[PDB]
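Note sheet for the following structure.
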Amino acid sequence: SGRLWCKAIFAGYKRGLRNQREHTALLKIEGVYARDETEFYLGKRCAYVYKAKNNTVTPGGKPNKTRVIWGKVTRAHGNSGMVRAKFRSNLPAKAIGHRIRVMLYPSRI
Amino acid sequence: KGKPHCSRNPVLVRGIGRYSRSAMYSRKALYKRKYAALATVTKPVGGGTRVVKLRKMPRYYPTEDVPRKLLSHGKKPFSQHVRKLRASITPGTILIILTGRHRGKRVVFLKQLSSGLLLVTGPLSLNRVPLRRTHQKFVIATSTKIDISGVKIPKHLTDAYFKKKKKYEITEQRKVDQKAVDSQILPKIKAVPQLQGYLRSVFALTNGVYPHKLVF
RNA sequence: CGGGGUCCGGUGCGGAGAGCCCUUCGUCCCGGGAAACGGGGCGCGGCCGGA
RNA sequence: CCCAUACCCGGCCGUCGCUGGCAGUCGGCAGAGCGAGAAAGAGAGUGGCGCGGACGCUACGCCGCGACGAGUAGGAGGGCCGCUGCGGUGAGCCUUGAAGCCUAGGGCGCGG
RNA sequence: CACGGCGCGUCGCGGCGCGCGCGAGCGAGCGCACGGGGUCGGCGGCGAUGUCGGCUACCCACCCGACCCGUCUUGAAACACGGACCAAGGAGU
RNA sequence: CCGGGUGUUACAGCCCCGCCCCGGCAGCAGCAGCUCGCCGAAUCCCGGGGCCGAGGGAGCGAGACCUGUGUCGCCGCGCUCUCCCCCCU
Ligand SMILES: [Mg+2]
Ligand SMILES: [Mg+2]
Ligand SMILES: [Mg+2]
Ligand SMILES: [Mg+2]
Ligand SMILES: [Mg+2]
Ligand SMILES: [Mg+2]
Ligand SMILES: [Mg+2]
Ligand SMILES: [Mg+2]
Ligand SMILES: [Mg+2]
Ligand SMILES: [Mg+2]
């Protein structure tokens, strides 16, 4: 009935100043702003959900316009709650500053 | 011959015994345990008798074949894997299903099954979920428990019972088992005030609350 | 009614944004608590409220 | 706390080294080893039923261990890269369609 | 306690060390594994005119990177020189 | 109550110094979970997250009286070929 995930923003790729590695993304999870608070989210699955034009099949339902790129949280980043994430395919750059759902079912509690 | 005795040393740590070699030589009493030095079947036929050879040669060898594999030791089939359970999960605990069709429904937990799946049920009279299996990873175990140490669940229910077959029709055996379990579960949860409504409700996340902050 | 005086309360801000509000499984019986002034109505016709 | 083509661990390609290993496919005519800390014989001798057992080895081949890989001028090697003609060879192809040319099609090779 | 037979025991210092014989250097089975590089003797869904797969290649968008080659030169993106574009020919014999 | 002055334990305290068993008692690099160290042959246990799984005929025992099998080498163990006792189903 309600919402079962947590908001994160796809801030950007793991990078230096002149090089960027697109195989690792940086997520800003809402509400967590320090390293001693990000150990909860380590290993949780994350999803980038977006609409498209063509219909695609969905598990346990009729086809619709929704598509998803899956991934998982790997490790903390920085000192301010930033999180490193790895997805099965590198996220498109058009998702910079957009919503990624981090879920809870890879649970350890 | 000889009855198989148990191991003479308790496991101190995995792979290390409590007693040393000499202590074992003493405890086993080995000082007085010294020791010193198909493919054919004859059948009658109505002629005479024929020596039929079972395990006969194949009538077709393939163009080419793969070689054998090297031997490895630490790999075991899923049947005899050691089963682990989270410390926070004990019989009579409330869980929150996170991924099934019953998303975020508070459900009472009863028993760990043989293959590692949790046998779970919140009495479908109030939260509408039957006897079911659920993976222990995909559930949140809150710190609210009831006492179900004094309830009996049938021994016939198991993973073979819950295994999918093949439209799915519920069986009368399923109905009677669910009734038998819930007739004992329900009075226990009705003793605790405001617990039936809690189980009826559905967990959700609103803005301003974060799982890493909130405790359960 | 507004602005001052005295006085009384709070002041690591419990008249707090480190907060508040709404909170959703649904339906059926009977009982208690709140309400009888309440709830719902392009269901209504007006009166003000805004640059 | 952040990250370089640096360092550590892993996979893959190649080069170099071990001038490494394999002719032992020794089968009812046989007996399946030469990884094992210690230079050298699973030494030879004379006296007190069911007929059965994968792959290999173009030795210019196959297989195993380590280390390493920048490059102008320049040197060398390998190209089952490419073009034209000649001697051989493919009981080769082809009017049931060759050469050539075009292609949002399917692929191979690090590359030609 | 990585101690475990009997002897002849000096193979010996006073017993321990440490030698000579004992069919003569042959006890066997099962089982578990932190043991010479991963397996499952574990599962779940969606599939006929709208869906599944197609790295690359066609077009488009985004983030990062990114100065035009050849040449002489210590030094070339150069306010150094040759070059509008395409086909064929073209130079260690 | 405050300010100034005197001063030497008074209606507070502070520092040093012989001993009383270095007086005695905990305790001790202290979860009074930060008063200040260097470590581990004087060091072990448990748990969590991430990436990967390359290689593919290792043999065992059977004895010329047999010819099976594919859980094998090194390493660390347990049980039996001795006999009793205890506990739980
Ligand atoms: Mg390496
Ligand atoms: Mg080079
Ligand atoms: Mg074209
Ligand atoms: Mg840029
Ligand atoms: Mg020039
Ligand atoms: Mg020069
Ligand atoms: Mg000029
Ligand atoms: Mg000139
Ligand atoms: Mg010009
Ligand atoms: Mg030309």
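Labels used: A, B, ... for chains in the order of the structure tokens, numbers from 1 for residues in each chain, and numbers from 1 for ligands as shown.
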* Specify as a PyMOL selection string all residues of chain A found within 12 Å of chain C, counting only C-alpha atoms (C1' of nucleotides). => chain A and resi 1-3
Kindly provide the residues of chain E that approach ligand 5 to within 9 Å, each paired with its closest atom pair and their distance in Å to one decimal, based on only C-alpha atoms (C1' of nucleotides) and all ligand atoms, listed by chain and increasing number, as a Markdown table.
| residue | atom | partner | partner_atom_place_in_ligand_line | distance |
| --- | --- | --- | --- | --- |
| E:71 | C1' | ligand 5 | 1 (Mg) | 4.2 |
| E:72 | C1' | ligand 5 | 1 (Mg) | 4.2 |
| E:73 | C1' | ligand 5 | 1 (Mg) | 8.9 |
| E:80 | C1' | ligand 5 | 1 (Mg) | 8.6 |
| E:81 | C1' | ligand 5 | 1 (Mg) | 5.7 |
| E:82 | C1' | ligand 5 | 1 (Mg) | 8.4 |
* Protein and nucleic acid residues within 9 Å of ligand 10 (only C-alpha atoms (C1' of nucleotides) and all ligand atoms) as a PyMOL selection string -> chain E and resi 88-90
For a quick test of understanding: name the residues of chain A lying within 8 Å of chain D when counting only C-alpha atoms (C1' of nucleotides), and present them as a compact mmCIF listing (two decimals) with C-alpha atoms, in the first residue's frame.
# COMPACT_ATOMS: atom_id res chain seq x y z
CA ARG A 15 35.82 10.13 -11.08
CA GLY A 16 38.97 12.12 -10.62
CA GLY A 78 33.64 10.24 1.35
CA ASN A 79 32.74 11.37 4.86
If the cut-off is 12 Å, can you tell me the residues of chain B near chain C, counting only C-alpha atoms (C1' of nucleotides)? I'd like them as a PDB file with C-alpha atoms, in the first residue's frame.
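The resulting file, result-v5.pdb, is shown below:
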ATOM      1  CA  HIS B 102       2.360  -9.429   0.596  1.00  0.00           C
ATOM      2  CA  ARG B 103       4.585  -6.367   0.681  1.00  0.00           C
ATOM      3  CA  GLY B 104       5.029  -4.828   4.109  1.00  0.00           C
ATOM      4  CA  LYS B 105       2.554  -7.087   5.920  1.00  0.00           C
ATOM      5  CA  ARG B 106       3.307  -7.897   9.556  1.00  0.00           C
ATOM      6  CA  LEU B 124      -5.215 -14.920   7.589  1.00  0.00           C
ATOM      7  CA  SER B 125      -8.331 -14.096   9.616  1.00  0.00           C
ATOM      8  CA  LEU B 126      -6.907 -10.608  10.161  1.00  0.00           C
ATOM      9  CA  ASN B 127      -3.968  -9.848   7.839  1.00  0.00           C
ATOM     10  CA  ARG B 128      -4.851 -12.330   5.058  1.00  0.00           C
ATOM     11  CA  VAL B 129      -1.757 -14.494   4.657  1.00  0.00           C
ATOM     12  CA  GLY B 197      -4.776  -4.147  14.709  1.00  0.00           C
ATOM     13  CA  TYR B 198      -0.998  -3.916  14.464  1.00  0.00           C
ATOM     14  CA  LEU B 199      -0.884  -7.135  12.446  1.00  0.00           C
ATOM     15  CA  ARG B 200      -3.793  -5.932  10.304  1.00  0.00           C
ATOM     16  CA  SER B 201      -1.939  -2.729   9.433  1.00  0.00           C
ATOM     17  CA  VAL B 202       0.707  -2.546   6.704  1.00  0.00           C
ATOM     18  CA  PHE B 203       4.209  -1.149   7.115  1.00  0.00           C
ATOM     19  CA  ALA B 204       5.208   1.823   4.976  1.00  0.00           C
ATOM     20  CA  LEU B 205       7.754   4.629   4.793  1.00  0.00           C
ATOM     21  CA  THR B 206       6.626   8.249   4.971  1.00  0.00           C
ATOM     22  CA  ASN B 207       8.776  11.303   4.404  1.00  0.00           C
ATOM     23  CA  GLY B 208      11.093  12.300   7.222  1.00  0.00           C
TER      24      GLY B 208
END
* Kindly compile the residues surrounding ligand 3 within 12 Å, counting only C-alpha atoms (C1' of nucleotides) and all ligand atoms, and format them as a ChimeraX atom specification. => /D:102-104 /E:57-58
Take the residues from that selection and write them out as a PDB file, in the first residue's frame, keeping N, CA, C and O atoms (P, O5', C5', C4', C3', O3' and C1' of nucleotides).
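Resulting contents of selection01.pdb:
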ATOM      1  P     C D 102      31.209  -0.171 -54.511  1.00  0.00           P
ATOM      2  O5'   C D 102      29.661  -0.271 -54.167  1.00  0.00           O
ATOM      3  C5'   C D 102      28.769   0.767 -54.541  1.00  0.00           C
ATOM      4  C4'   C D 102      27.361   0.473 -54.097  1.00  0.00           C
ATOM      5  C3'   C D 102      27.186   0.101 -52.634  1.00  0.00           C
ATOM      6  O3'   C D 102      27.154   1.228 -51.777  1.00  0.00           O
ATOM      7  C1'   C D 102      25.977  -1.410 -53.987  1.00  0.00           C
ATOM      8  P     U D 103      27.605   1.089 -50.242  1.00  0.00           P
ATOM      9  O5'   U D 103      26.454   0.218 -49.574  1.00  0.00           O
ATOM     10  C5'   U D 103      25.139   0.729 -49.432  1.00  0.00           C
ATOM     11  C4'   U D 103      24.207  -0.309 -48.863  1.00  0.00           C
ATOM     12  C3'   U D 103      24.612  -0.906 -47.526  1.00  0.00           C
ATOM     13  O3'   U D 103      24.249  -0.085 -46.430  1.00  0.00           O
ATOM     14  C1'   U D 103      23.994  -2.638 -49.011  1.00  0.00           C
ATOM     15  P     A D 104      25.150  -0.060 -45.102  1.00  0.00           P
ATOM     16  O5'   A D 104      24.317   0.841 -44.089  1.00  0.00           O
ATOM     17  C5'   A D 104      22.895   0.780 -44.050  1.00  0.00           C
ATOM     18  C4'   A D 104      22.400   0.166 -42.765  1.00  0.00           C
ATOM     19  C3'   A D 104      21.875  -1.262 -42.891  1.00  0.00           C
ATOM     20  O3'   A D 104      22.209  -2.002 -41.721  1.00  0.00           O
ATOM     21  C1'   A D 104      20.169   0.135 -42.044  1.00  0.00           C
TER      22        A D 104
ATOM     23  P     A E  57      29.645   0.618 -33.494  1.00  0.00           P
ATOM     24  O5'   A E  57      28.905   0.343 -34.878  1.00  0.00           O
ATOM     25  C5'   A E  57      29.635   0.220 -36.089  1.00  0.00           C
ATOM     26  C4'   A E  57      28.753  -0.270 -37.209  1.00  0.00           C
ATOM     27  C3'   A E  57      27.563   0.616 -37.550  1.00  0.00           C
ATOM     28  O3'   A E  57      27.892   1.687 -38.419  1.00  0.00           O
ATOM     29  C1'   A E  57      26.819  -1.598 -37.273  1.00  0.00           C
ATOM     30  P     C E  58      27.448   3.190 -38.058  1.00  0.00           P
ATOM     31  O5'   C E  58      26.426   3.594 -39.213  1.00  0.00           O
ATOM     32  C5'   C E  58      25.397   2.705 -39.618  1.00  0.00           C
ATOM     33  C4'   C E  58      24.073   3.408 -39.786  1.00  0.00           C
ATOM     34  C3'   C E  58      23.850   4.632 -38.911  1.00  0.00           C
ATOM     35  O3'   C E  58      24.402   5.811 -39.472  1.00  0.00           O
ATOM     36  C1'   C E  58      21.987   3.197 -38.733  1.00  0.00           C
TER      37        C E  58
END
* **Exercise: range 102-109 of chain A partners within 6 Å, only C-alpha atoms (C1' of nucleotides), chain neighbours under 4 positions left out, as a ChimeraX atom specification** => /A:5-6,44-46 /B:98,137-138
Same residues, C-alpha atoms, saved as a PDB file, in the first residue's frame:
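So the final result, stored in result-v6.pdb, reads:
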ATOM      1  CA  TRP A   5      12.176   1.970  -0.564  1.00  0.00           C
ATOM      2  CA  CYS A   6      14.392   4.961   0.173  1.00  0.00           C
ATOM      3  CA  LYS A  44      21.269  -3.170  -0.401  1.00  0.00           C
ATOM      4  CA  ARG A  45      19.871  -3.521  -3.892  1.00  0.00           C
ATOM      5  CA  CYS A  46      19.133  -0.319  -5.799  1.00  0.00           C
TER       6      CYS A  46
ATOM      7  CA  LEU B  98       9.629  -6.998   1.996  1.00  0.00           C
ATOM      8  CA  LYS B 137      16.959 -12.290   3.902  1.00  0.00           C
ATOM      9  CA  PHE B 138      13.835 -10.636   2.467  1.00  0.00           C
TER      10      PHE B 138
END
* Contacts to ligand 1 at 12 Å cut-off (only C-alpha atoms (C1' of nucleotides) and all ligand atoms) as a PyMOL selection string -> chain D and resi 7-12+66-68
Create the file for the chosen residues now, containing N, CA and C atoms (P, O5', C5', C4', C3', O3' and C1' of nucleotides) and written as a PDB file, in the first residue's frame.
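Once everything was written out, this is selection-v9.pdb:
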ATOM      1  P     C D   7      53.964  -1.161 -10.820  1.00  0.00           P
ATOM      2  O5'   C D   7      53.729  -1.706  -9.347  1.00  0.00           O
ATOM      3  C5'   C D   7      54.644  -1.403  -8.307  1.00  0.00           C
ATOM      4  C4'   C D   7      53.999  -1.551  -6.955  1.00  0.00           C
ATOM      5  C3'   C D   7      53.162  -2.803  -6.767  1.00  0.00           C
ATOM      6  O3'   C D   7      53.942  -3.940  -6.450  1.00  0.00           O
ATOM      7  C1'   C D   7      51.946  -0.930  -6.012  1.00  0.00           C
ATOM      8  P     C D   8      53.602  -5.358  -7.114  1.00  0.00           P
ATOM      9  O5'   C D   8      52.421  -5.924  -6.213  1.00  0.00           O
ATOM     10  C5'   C D   8      52.611  -6.147  -4.826  1.00  0.00           C
ATOM     11  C4'   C D   8      51.320  -6.530  -4.154  1.00  0.00           C
ATOM     12  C3'   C D   8      50.501  -7.592  -4.862  1.00  0.00           C
ATOM     13  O3'   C D   8      50.960  -8.907  -4.612  1.00  0.00           O
ATOM     14  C1'   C D   8      49.098  -5.799  -4.265  1.00  0.00           C
ATOM     15  P     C D   9      50.913 -10.004  -5.780  1.00  0.00           P
ATOM     16  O5'   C D   9      49.384 -10.433  -5.836  1.00  0.00           O
ATOM     17  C5'   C D   9      48.777 -11.083  -4.733  1.00  0.00           C
ATOM     18  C4'   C D   9      47.299 -11.268  -4.944  1.00  0.00           C
ATOM     19  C3'   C D   9      46.882 -11.844  -6.284  1.00  0.00           C
ATOM     20  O3'   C D   9      47.055 -13.244  -6.377  1.00  0.00           O
ATOM     21  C1'   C D   9      45.521  -9.995  -5.782  1.00  0.00           C
ATOM     22  P     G D  10      47.483 -13.896  -7.780  1.00  0.00           P
ATOM     23  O5'   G D  10      46.145 -13.853  -8.639  1.00  0.00           O
ATOM     24  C5'   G D  10      44.973 -14.495  -8.170  1.00  0.00           C
ATOM     25  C4'   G D  10      43.775 -14.178  -9.026  1.00  0.00           C
ATOM     26  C3'   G D  10      43.946 -14.351 -10.521  1.00  0.00           C
ATOM     27  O3'   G D  10      43.903 -15.698 -10.947  1.00  0.00           O
ATOM     28  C1'   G D  10      42.873 -12.310 -10.108  1.00  0.00           C
ATOM     29  P     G D  11      44.733 -16.143 -12.246  1.00  0.00           P
ATOM     30  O5'   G D  11      43.823 -15.667 -13.459  1.00  0.00           O
ATOM     31  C5'   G D  11      42.494 -16.143 -13.590  1.00  0.00           C
ATOM     32  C4'   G D  11      41.757 -15.442 -14.701  1.00  0.00           C
ATOM     33  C3'   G D  11      42.437 -15.443 -16.057  1.00  0.00           C
ATOM     34  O3'   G D  11      42.256 -16.656 -16.760  1.00  0.00           O
ATOM     35  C1'   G D  11      41.640 -13.275 -15.573  1.00  0.00           C
ATOM     36  P     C D  12      43.451 -17.263 -17.638  1.00  0.00           P
ATOM     37  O5'   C D  12      43.459 -16.361 -18.945  1.00  0.00           O
ATOM     38  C5'   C D  12      42.312 -16.284 -19.774  1.00  0.00           C
ATOM     39  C4'   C D  12      42.411 -15.139 -20.744  1.00  0.00           C
ATOM     40  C3'   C D  12      43.669 -15.084 -21.589  1.00  0.00           C
ATOM     41  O3'   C D  12      43.660 -15.983 -22.680  1.00  0.00           O
ATOM     42  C1'   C D  12      43.237 -12.949 -20.711  1.00  0.00           C
ATOM     43  P     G D  66      53.972 -20.576 -11.621  1.00  0.00           P
ATOM     44  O5'   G D  66      55.128 -19.598 -11.146  1.00  0.00           O
ATOM     45  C5'   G D  66      55.345 -18.369 -11.809  1.00  0.00           C
ATOM     46  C4'   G D  66      56.804 -18.135 -12.085  1.00  0.00           C
ATOM     47  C3'   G D  66      57.123 -16.774 -12.669  1.00  0.00           C
ATOM     48  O3'   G D  66      57.232 -15.779 -11.671  1.00  0.00           O
ATOM     49  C1'   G D  66      58.165 -18.433 -13.970  1.00  0.00           C
ATOM     50  P     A D  67      56.242 -14.521 -11.685  1.00  0.00           P
ATOM     51  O5'   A D  67      57.133 -13.368 -12.320  1.00  0.00           O
ATOM     52  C5'   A D  67      58.488 -13.215 -11.932  1.00  0.00           C
ATOM     53  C4'   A D  67      59.361 -12.856 -13.105  1.00  0.00           C
ATOM     54  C3'   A D  67      58.887 -11.690 -13.951  1.00  0.00           C
ATOM     55  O3'   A D  67      59.210 -10.433 -13.388  1.00  0.00           O
ATOM     56  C1'   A D  67      59.498 -13.477 -15.359  1.00  0.00           C
ATOM     57  P     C D  68      58.098  -9.280 -13.311  1.00  0.00           P
ATOM     58  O5'   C D  68      58.142  -8.604 -14.753  1.00  0.00           O
ATOM     59  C5'   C D  68      59.351  -8.067 -15.266  1.00  0.00           C
ATOM     60  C4'   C D  68      59.412  -8.168 -16.768  1.00  0.00           C
ATOM     61  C3'   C D  68      58.455  -7.277 -17.543  1.00  0.00           C
ATOM     62  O3'   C D  68      58.955  -5.960 -17.696  1.00  0.00           O
ATOM     63  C1'   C D  68      58.426  -9.473 -18.439  1.00  0.00           C
TER      64        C D  68
END
* **chain D contacts to chain B at 10 Å (only C-alpha atoms (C1' of nucleotides)) as a VMD selection string** => chain D and resid 49 to 50 52 54 to 55
Give the strand (DSSP E or B) residues of chain B, as DSSP finds them on the backbone, and put them as a short mmCIF file (atom, residue, chain, number, x, y, z; two decimals) with N, CA, C and O atoms, in the first residue's frame.
data_model
loop_
_atom_site.label_atom_id
_atom_site.label_comp_id
_atom_site.auth_asym_id
_atom_site.auth_seq_id
_atom_site.Cartn_x
_atom_site.Cartn_y
_atom_site.Cartn_z
N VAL B 11 34.55 -30.25 20.57
CA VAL B 11 35.18 -29.32 19.64
C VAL B 11 35.49 -28.04 20.39
O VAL B 11 34.58 -27.31 20.81
N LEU B 12 36.77 -27.76 20.59
CA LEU B 12 37.17 -26.49 21.20
C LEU B 12 36.87 -25.34 20.26
O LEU B 12 36.07 -24.44 20.57
N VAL B 13 37.50 -25.34 19.09
CA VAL B 13 37.15 -24.47 17.98
C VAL B 13 37.09 -25.35 16.74
O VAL B 13 37.64 -26.45 16.72
N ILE B 16 39.84 -27.81 15.69
CA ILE B 16 40.81 -27.99 16.76
C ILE B 16 40.13 -28.72 17.91
O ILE B 16 39.07 -28.30 18.37
N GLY B 17 40.74 -29.82 18.35
CA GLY B 17 40.18 -30.59 19.44
C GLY B 17 40.65 -30.13 20.80
O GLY B 17 41.68 -29.48 20.94
N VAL B 41 24.85 -63.63 -16.18
CA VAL B 41 23.77 -64.39 -15.58
C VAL B 41 23.43 -65.55 -16.51
O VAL B 41 23.21 -65.35 -17.71
N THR B 42 23.39 -66.76 -15.97
CA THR B 42 23.02 -67.93 -16.75
C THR B 42 21.51 -68.11 -16.70
O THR B 42 20.91 -68.09 -15.62
N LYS B 43 20.89 -68.27 -17.87
CA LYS B 43 19.45 -68.41 -17.96
C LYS B 43 19.09 -69.60 -18.83
O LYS B 43 19.83 -69.94 -19.76
N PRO B 44 17.98 -70.26 -18.54
CA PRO B 44 17.48 -71.31 -19.44
C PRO B 44 16.59 -70.74 -20.53
O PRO B 44 15.87 -69.76 -20.33
N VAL B 45 16.65 -71.37 -21.70
CA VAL B 45 15.88 -70.94 -22.86
C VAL B 45 15.32 -72.17 -23.55
O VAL B 45 16.02 -73.18 -23.72
N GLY B 48 18.99 -74.58 -24.93
CA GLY B 48 19.69 -74.93 -23.71
C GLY B 48 19.75 -73.79 -22.71
O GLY B 48 18.72 -73.36 -22.17
N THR B 49 20.96 -73.30 -22.44
CA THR B 49 21.16 -72.18 -21.53
C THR B 49 22.05 -71.14 -22.19
O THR B 49 22.95 -71.47 -22.98
N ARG B 50 21.79 -69.88 -21.87
CA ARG B 50 22.54 -68.75 -22.40
C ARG B 50 23.12 -67.95 -21.25
O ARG B 50 22.46 -67.69 -20.25
N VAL B 51 24.38 -67.55 -21.41
CA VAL B 51 25.06 -66.70 -20.43
C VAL B 51 24.83 -65.26 -20.89
O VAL B 51 25.64 -64.68 -21.61
N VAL B 52 23.71 -64.69 -20.47
CA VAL B 52 23.41 -63.31 -20.84
C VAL B 52 24.34 -62.37 -20.08
O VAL B 52 24.61 -62.56 -18.88
N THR B 93 8.21 -14.38 16.60
CA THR B 93 8.61 -13.02 16.29
C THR B 93 7.77 -12.47 15.15
O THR B 93 7.29 -13.21 14.28
N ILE B 94 7.59 -11.16 15.14
CA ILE B 94 6.88 -10.47 14.07
C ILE B 94 7.89 -10.08 13.00
O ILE B 94 8.93 -9.49 13.30
N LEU B 95 7.58 -10.41 11.76
CA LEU B 95 8.41 -10.10 10.61
C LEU B 95 7.64 -9.20 9.66
O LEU B 95 6.41 -9.15 9.69
N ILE B 96 8.37 -8.50 8.80
CA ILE B 96 7.79 -7.63 7.80
C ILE B 96 8.25 -8.13 6.44
O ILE B 96 9.43 -8.00 6.09
N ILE B 97 7.33 -8.72 5.68
CA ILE B 97 7.68 -9.23 4.36
C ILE B 97 7.99 -8.06 3.44
O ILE B 97 7.21 -7.10 3.35
N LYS B 105 3.58 -6.56 5.03
CA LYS B 105 2.55 -7.09 5.92
C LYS B 105 3.22 -7.73 7.13
O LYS B 105 4.12 -8.55 6.99
N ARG B 106 2.77 -7.34 8.32
CA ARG B 106 3.31 -7.90 9.56
C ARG B 106 2.81 -9.33 9.72
O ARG B 106 1.60 -9.58 9.64
N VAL B 107 3.73 -10.26 9.95
CA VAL B 107 3.43 -11.68 9.91
C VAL B 107 4.16 -12.39 11.05
O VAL B 107 5.32 -12.08 11.33
N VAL B 108 3.48 -13.33 11.70
CA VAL B 108 4.09 -14.08 12.79
C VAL B 108 4.94 -15.21 12.23
O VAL B 108 4.56 -15.87 11.27
N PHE B 109 6.10 -15.44 12.85
CA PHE B 109 7.03 -16.47 12.42
C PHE B 109 6.96 -17.66 13.37
O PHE B 109 6.90 -17.49 14.59
N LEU B 110 6.96 -18.87 12.81
CA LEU B 110 6.78 -20.08 13.59
C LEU B 110 8.02 -20.96 13.64
O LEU B 110 8.52 -21.26 14.73
N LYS B 111 8.54 -21.38 12.49
CA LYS B 111 9.55 -22.42 12.48
C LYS B 111 10.51 -22.23 11.32
O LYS B 111 10.13 -21.76 10.25
N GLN B 112 11.77 -22.58 11.56
CA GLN B 112 12.76 -22.69 10.49
C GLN B 112 12.60 -24.03 9.80
O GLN B 112 12.57 -25.08 10.46
N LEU B 118 11.96 -19.83 5.97
CA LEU B 118 11.19 -19.63 7.19
C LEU B 118 9.73 -19.98 6.94
O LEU B 118 9.12 -19.46 6.00
N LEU B 119 9.18 -20.86 7.77
CA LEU B 119 7.76 -21.15 7.76
C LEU B 119 7.06 -20.07 8.56
O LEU B 119 7.24 -19.97 9.78
N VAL B 120 6.27 -19.24 7.88
CA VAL B 120 5.73 -18.02 8.46
C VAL B 120 4.23 -17.99 8.22
O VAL B 120 3.73 -18.58 7.25
N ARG B 132 3.02 -20.15 4.87
CA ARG B 132 3.81 -19.79 3.71
C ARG B 132 5.28 -19.93 4.04
O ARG B 132 5.67 -20.05 5.20
N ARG B 133 6.10 -19.96 2.99
CA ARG B 133 7.54 -19.93 3.14
C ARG B 133 8.06 -18.55 2.76
O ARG B 133 7.47 -17.86 1.93
N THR B 134 9.14 -18.13 3.41
CA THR B 134 9.75 -16.86 3.07
C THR B 134 11.24 -16.91 3.37
O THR B 134 11.65 -17.43 4.41
N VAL B 139 13.10 -10.35 4.79
CA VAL B 139 12.18 -9.97 5.85
C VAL B 139 12.92 -9.12 6.88
O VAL B 139 14.10 -9.35 7.15
N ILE B 140 12.21 -8.15 7.44
CA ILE B 140 12.72 -7.34 8.54
C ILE B 140 12.16 -7.93 9.83
O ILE B 140 10.94 -8.11 9.96
N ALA B 141 13.04 -8.23 10.77
CA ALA B 141 12.65 -8.85 12.04
C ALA B 141 12.57 -7.77 13.10
O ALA B 141 13.60 -7.31 13.61
N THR B 142 11.36 -7.35 13.44
CA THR B 142 11.19 -6.37 14.49
C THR B 142 11.31 -7.03 15.86
O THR B 142 11.16 -8.24 16.01
N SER B 143 11.59 -6.21 16.87
CA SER B 143 11.83 -6.71 18.22
C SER B 143 10.55 -6.74 19.05
O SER B 143 10.49 -6.22 20.16
N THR B 144 9.51 -7.37 18.51
CA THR B 144 8.29 -7.65 19.25
C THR B 144 7.98 -9.13 19.09
O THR B 144 7.90 -9.63 17.97
N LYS B 145 7.80 -9.82 20.21
CA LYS B 145 7.64 -11.27 20.20
C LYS B 145 6.46 -11.68 21.06
O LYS B 145 6.14 -11.02 22.05
N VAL B 202 -0.34 -2.28 7.68
CA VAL B 202 0.71 -2.55 6.70
C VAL B 202 1.83 -1.53 6.88
O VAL B 202 1.57 -0.32 7.00
#
* **Residues of chain F within 12 Å of chain A, counting only C-alpha atoms (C1' of nucleotides), as a PyMOL selection string** => chain F and resi 47-51
* To do: Please write out the residues within 12 Å of ligand 4 as a list in words, counting only C-alpha atoms (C1' of nucleotides) and all ligand atoms.
  =>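 Using only C-alpha atoms (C1' of nucleotides) and all ligand atoms, everything at most 12 Å from ligand 4 comes to residues 17, 18, 19 and 20 of chain A; 63, 64, 65 and 66 of chain E.
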* Contacts of residue 29 in chain A within 10 Å, only C-alpha atoms (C1' of nucleotides), excl. fewer than 3 positions in-chain, as a list in words -> residues 6, 7, 8, 9, 10, 11, 26, 32, 33, 38, 41, 81, 82, 83, 99, 100, 101 and 102 of chain A; 210 of chain B
* To do: Choose the residue, out of E:27, E:9, E:75, E:45, that has the smallest atom-to-atom separation from chain B; count only C-alpha atoms (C1' of nucleotides).
  =>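 Looking only at the distances to chain B, the closest residue turns out to be E:27.
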* To do: Identify every residue of chain A that has at least one atom within 12 Å of any atom of chain E, counting only C-alpha atoms (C1' of nucleotides), and report the result as number ranges by chain.
  => A: 11-22, 25, 54-64, 90-97
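Selecting chain B residues within 9 Å of chain E and counting only C-alpha atoms (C1' of nucleotides) yields residues 14, 15, 20, 21, 22, 23, 25, 31, 35, 36, 37, 72, 73, 74, 75, 76, 77, 78, 79 and 115 of chain B.
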* **Contact set, chain B to chain F: 6 Å, only C-alpha atoms (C1' of nucleotides), as JSON, numbers by chain** => {"B": [2, 4, 7, 68, 69, 70]}
* To do: For ligand 2, collect every residue having any atom at a distance of at most 10 Å from a ligand atom (counting only C-alpha atoms (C1' of nucleotides) and all ligand atoms); output as JSON, numbers by chain.
  => {"D": [15, 69, 70, 71]}
* Go through B:211, B:123, B:10, B:193 and flag the residue nearest chain A, using only C-alpha atoms for the distances. =>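 That would be B:211, the residue with the smallest distance to chain A.
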